[PDB]
S.K.: 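Pasting a structure below so you can have a look.
This chain uses plain numbering: 1 for the first residue, then up along the sequence. Indexing begins at 1, ligand by ligand and atom by atom, following the structure's order. The analysis underlying the following values was restricted to heavy atoms, covering all of them including side chains, and did not include hydrogens, waters or symmetry mates.
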Amino acid sequence: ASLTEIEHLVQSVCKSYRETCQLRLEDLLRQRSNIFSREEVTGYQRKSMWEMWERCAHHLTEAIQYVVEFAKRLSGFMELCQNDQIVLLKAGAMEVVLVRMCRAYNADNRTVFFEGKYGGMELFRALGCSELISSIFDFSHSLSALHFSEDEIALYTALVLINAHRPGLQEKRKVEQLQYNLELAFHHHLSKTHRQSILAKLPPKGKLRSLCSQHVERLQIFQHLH
Ligand SMILES: CCOC(=O)[C@H](C)N(C(=O)c1cccs1)c1c(C)cccc1Cl
């Protein structure tokens, strides 16, 4: 891929992201003043773990579907064999969802957009896993400090997804190639926007992976229990 071919990769990634981002950034920013009251928060805390688990499962189900659609629009993701597509989505989809959260997150008051309004982690008290919820918020807090642009989120989420170290791939070398192409594409774009300094600030890959595994473990405790 030459100059025009790396810039085309950039833009196709930004395209998929734009067409699949679920919630527009301007809407999310405009809504930051729209915050759950004390009665509404208490209304959420009083709900059973089961109903709360139900609303979160639906939220996480809807968010994951847009991520699946993001994948399917990625130049070269289709060219991968169907088996490998599945291995990537299985291991990465929820990780991308975790990253995507930072846009719906207000570091000013440590709140997140949920079901029409902004609220803190104490919204989710009834689930009984604040340590995990607080990790997710902290993760989103430290990402929100980098002020990711829409494009950087596009490229970075592509790279969360396209990872050749996912256990059980069949065409591992072809997944490696695409990954290498996106890495360069991302690095180039950062150089054109004078944003290279974020690279040293990007979390250790094992942070996401570790947080997500902990998230899936609780999710499986939930799925079996209800
Ligand atoms: C493991 C069970 O706990 C959750 O489902 C929690 C409530 N939760 C999440 O797990 C999320 C994980 C990734 C994006 S949201 C979440 C939701 C659904 C909306 C807003 C903020 C968060 Cl942190």
Side-chain angles (χ1 to χ4, degrees), residues 17 20-25 27-29 31-37 40-71 88-146 148 153-154 156-161 203 205-226:
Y17 183 65
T20 65
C21 68
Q22 186 182 7
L23 296 152
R24 312 202 317 254
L25 184 55
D27 295 1
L28 286 171
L29 300 180
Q31 290 271 46
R32 297 189 297 184
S33 62
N34 191 8
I35 300 149
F36 282 113
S37 50
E40 289 166 309
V41 169
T42 292
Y44 272 105
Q45 296 175 333
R46 286 227 284 155
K47 297 172 177 288
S48 60
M49 168 187 285
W50 172 89
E51 192 207 323
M52 213 56 204
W53 163 234
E54 218 148 59
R55 307 178 166 257
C56 290
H58 161 76
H59 170 112
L60 295 165
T61 299
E62 200 197 317
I64 274 198
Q65 288 166 320
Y66 286 88
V67 166
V68 165
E69 200 75 20
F70 171 66
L88 293 185
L89 288 164
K90 268 199 178 102
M94 191 58 84
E95 283 178 5
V96 165
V97 165
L98 281 151
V99 171
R100 273 173 173 230
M101 183 178 146
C102 67
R103 290 163 76 247
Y105 178 85
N106 190 358
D108 292 334
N109 54 188
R110 294 183 169 86
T111 60
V112 71
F113 191 69
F114 181 76
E115 286 189 345
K117 279 148 111 162
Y118 277 87
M121 44 170 301
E122 82 266 16
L123 265 163
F124 305 109
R125 200 195 76 194
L127 295 181
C129 42
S130 61
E131 176 162 64
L132 172 68
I133 306 304
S134 56
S135 298
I136 297 158
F137 273 68
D138 295 329
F139 181 76
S140 271
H141 197 89
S142 66
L143 283 185
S144 75
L146 313 182
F148 273 142
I153 266 159
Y156 180 70
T157 57
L159 282 149
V160 172
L161 221 50
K205 293 192 189 205
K207 200 76 137 71
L208 233 191
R209 187 220 316 264
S210 161
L211 168 68
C212 183
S213 295
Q214 256 139 288
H215 185 256
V216 160
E217 286 176 52
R218 290 302 309 182
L219 208 160
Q220 288 171 344
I221 287 173
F222 272 113
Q223 205 83 81
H224 169 239
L225 210 52
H226 291 144

S.K.: Looking just at side-chain N and O atoms, do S37 and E40 make a donor-acceptor pair shorter than 3.5 Å?
M.R.: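 Result is yes, a qualifying pair exists.
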S.K.: For atom 11 (C) of ligand 1, what is the closest protein heavy atom, and at what distance to 0.1 Å?
M.R.: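 Scanning the protein heavy atoms, the shortest distance from atom 11 (C) of ligand 1 goes to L60 CD2, 3.4 Å.
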S.K.: Salt bridge or not between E115 and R55? Use side-chain N to carboxylate O under 4.0 Å.
M.R.: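 Looking at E115 and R55, the cut-off is met.
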S.K.: Considering both backbone and side-chain atoms of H215, is one of its nitrogen or oxygen atoms within less than 3.5 Å of a nitrogen or oxygen in ligand 1?
M.R.: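 Min N/O separation from ligand 1 is below 3.5 Å for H215.
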S.K.: Would a search of protein heavy atoms around atom 8 (N) of ligand 1 find one under 4.0 Å away?
M.R.: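 Not a single protein heavy atom is under 4.0 Å away.
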S.K.: Test of understanding: given a 4.0 Å heavy-atom threshold, classify the contact between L127 and ligand 1 as side chain, backbone, both, or neither.
M.R.: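 For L127, the contact with ligand 1 is made by the side chain alone.
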S.K.: Return yes when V97 approaches ligand 1 closer than 4.0 angstrom through a heavy atom, no otherwise.
M.R.: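 Checking ligand 1 against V97, which is what was asked, there is a heavy-atom contact under 4.0 Å.
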S.K.: Under 4.0 Å from a heavy atom of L98: give me the atoms of ligand 1 that qualify, with their elements.
M.R.: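 Checking each atom against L98, I get 12 (C), 13 (C).
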S.K.: Under 3.5 Å, is there a donor-acceptor pair between the side chain of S130 and the main chain of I133?
M.R.: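 Absent.
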S.K.: Could you go through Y118 and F36, starting from their C-alpha distance and side-chain angles, then the distance that decides it, and tell me whether this counts as ring pair (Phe, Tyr, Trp, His ring centres under 6.0 Å)?
M.R.: CA-CA 6 Å; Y118 277 87; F36 282 113; 9.2 Å; no
S.K.: Can you list the ligand 1 atoms lying under 4.0 Å from a non-hydrogen atom of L132?
M.R.: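 In order of number, 1 (C).
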S.K.: So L219 and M94, do their side chains get closer than 4.5 Å, heavy atoms only?
M.R.: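 Yes, their side chains come closer than 4.5 Å.
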S.K.: Would you mind checking which non-hydrogen protein atom is closest to atom 3 (O) of ligand 1, with the distance to 0.1 Å?
M.R.: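 Its nearest protein heavy-atom neighbour is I133 CD1, 3.4 Å.
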S.K.: Can you tell me how the ring of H59 sits relative to the ring of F114, calling it parallel under 30°, perpendicular over 60° and tilted otherwise?
M.R.: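 Correct class here is tilted.
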S.K.: To the nearest 0.1 Å, how far is atom 18 (C) of ligand 1 from its closest protein heavy atom, and which atom is that?
M.R.: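 Nearest protein contact, heavy atoms only, for atom 18 (C) of ligand 1 is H59 CD2, 3.6 Å.
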